[PDB]
Amino acid sequence: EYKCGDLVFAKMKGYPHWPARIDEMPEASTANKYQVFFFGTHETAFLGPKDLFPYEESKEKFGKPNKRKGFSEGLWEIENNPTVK
């Protein structure tokens, strides 16, 4: 489904649909799991496509600000979207 670099909203228990990219393509009958880099907080994690959702295609469904540590900063980082930290 997804390539590397691809922007999405990753969902995990605890937190809302958080803005993120893929930053390692998986291989390739896989780990079953894309490595993900969460914007603003710069966390990483693995997740199923279950928990994925492309960014532009569900931009305004999930793109509401949020009052969470580093969310509206993640939202800002697109904008600069291959940020490093």
# chains A, B, ... in the order shown; residues from 1 in each chain; ligands from 1

$ select_by_dssp --residues "chain A" --states "strand (DSSP E)" --output "PyMOL selection string"
chain A and resi 7-10+18-24+34-38+44-47

$ write_last_selection --atoms "N, CA and C atoms" --output "mmCIF file, in the first residue's frame"
data_model
loop_
_atom_site.group_PDB
_atom_site.id
_atom_site.type_symbol
_atom_site.label_atom_id
_atom_site.label_comp_id
_atom_site.auth_asym_id
_atom_site.auth_seq_id
_atom_site.Cartn_x
_atom_site.Cartn_y
_atom_site.Cartn_z
ATOM 1 N N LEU A 7 3.254 10.400 3.679
ATOM 2 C CA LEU A 7 2.680 11.069 4.818
ATOM 3 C C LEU A 7 1.292 10.516 5.086
ATOM 4 N N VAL A 8 0.960 10.458 6.367
ATOM 5 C CA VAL A 8 -0.181 9.705 6.873
ATOM 6 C C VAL A 8 -0.597 10.255 8.223
ATOM 7 N N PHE A 9 -1.626 9.643 8.797
ATOM 8 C CA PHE A 9 -1.983 9.844 10.183
ATOM 9 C C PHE A 9 -1.915 8.491 10.875
ATOM 10 N N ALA A 10 -0.954 8.340 11.763
ATOM 11 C CA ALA A 10 -0.806 7.094 12.489
ATOM 12 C C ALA A 10 -1.607 7.165 13.791
ATOM 13 N N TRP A 18 -2.427 10.783 14.811
ATOM 14 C CA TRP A 18 -1.292 11.693 14.853
ATOM 15 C C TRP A 18 -0.651 11.801 13.475
ATOM 16 N N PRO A 19 -0.174 12.996 13.116
ATOM 17 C CA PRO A 19 0.471 13.168 11.818
ATOM 18 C C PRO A 19 1.847 12.595 11.799
ATOM 19 N N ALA A 20 2.157 11.906 10.717
ATOM 20 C CA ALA A 20 3.377 11.136 10.648
ATOM 21 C C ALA A 20 3.703 10.810 9.199
ATOM 22 N N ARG A 21 4.945 10.372 8.994
ATOM 23 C CA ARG A 21 5.376 9.800 7.723
ATOM 24 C C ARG A 21 5.893 8.390 7.968
ATOM 25 N N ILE A 22 5.997 7.624 6.887
ATOM 26 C CA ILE A 22 6.860 6.456 6.857
ATOM 27 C C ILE A 22 8.284 6.897 6.597
ATOM 28 N N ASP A 23 9.241 6.354 7.350
ATOM 29 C CA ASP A 23 10.645 6.631 7.057
ATOM 30 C C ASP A 23 11.548 5.402 6.917
ATOM 31 N N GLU A 24 11.006 4.188 6.913
ATOM 32 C CA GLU A 24 11.724 3.018 6.375
ATOM 33 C C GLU A 24 10.716 2.140 5.668
ATOM 34 N N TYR A 34 5.014 -1.068 8.892
ATOM 35 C CA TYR A 34 5.812 0.042 8.402
ATOM 36 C C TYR A 34 6.395 0.780 9.596
ATOM 37 N N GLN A 35 7.671 1.157 9.525
ATOM 38 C CA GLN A 35 8.242 2.075 10.531
ATOM 39 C C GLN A 35 7.803 3.535 10.260
ATOM 40 N N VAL A 36 7.429 4.221 11.324
ATOM 41 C CA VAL A 36 6.736 5.472 11.245
ATOM 42 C C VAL A 36 7.437 6.508 12.113
ATOM 43 N N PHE A 37 7.442 7.746 11.641
ATOM 44 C CA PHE A 37 8.037 8.813 12.375
ATOM 45 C C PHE A 37 6.995 9.849 12.625
ATOM 46 N N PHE A 38 6.734 10.054 13.906
ATOM 47 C CA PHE A 38 5.708 10.973 14.335
ATOM 48 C C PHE A 38 6.217 12.396 14.410
ATOM 49 N N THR A 44 9.199 7.382 17.095
ATOM 50 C CA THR A 44 8.976 6.374 16.037
ATOM 51 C C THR A 44 8.266 5.147 16.571
ATOM 52 N N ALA A 45 7.722 4.363 15.645
ATOM 53 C CA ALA A 45 6.973 3.144 15.981
ATOM 54 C C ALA A 45 6.695 2.292 14.750
ATOM 55 N N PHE A 46 6.319 1.036 14.980
ATOM 56 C CA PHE A 46 5.835 0.176 13.902
ATOM 57 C C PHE A 46 4.348 0.021 13.995
ATOM 58 N N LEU A 47 3.702 -0.124 12.854
ATOM 59 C CA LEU A 47 2.268 -0.234 12.832
ATOM 60 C C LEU A 47 1.762 -0.908 11.576
#

$ residues_around --residues "stretch 77-83 of chain A" --least-positions-apart "2" --cutoff "8 Å" --atoms "only C-alpha atoms" --output "VMD selection string"
chain A and resid 5 39 to 40 73 to 75 85

$ select_by_dssp --residues "chain A" --states "alpha helix (DSSP H)" --output "PyMOL selection string"
chain A and resi 59-62+71-74

$ closest_residue --among "A:16, A:43, A:6, A:48" --to "residue A:30" --atoms "only C-alpha atoms"
A:48

$ closest_residue --among "A:69, A:64, A:11, A:17" --to "residue A:50" --atoms "only C-alpha atoms"
A:11

$ atom_distance --atom1 "atom CA of residue A:25" --atom2 "atom CA of residue A:3"
6.2 Å

$ atom_distance --atom1 "atom CA of residue A:58" --atom2 "atom CA of residue A:32"
22.6 Å

$ atom_distance --atom1 "atom CA of residue A:71" --atom2 "atom CA of residue A:26"
25.9 Å
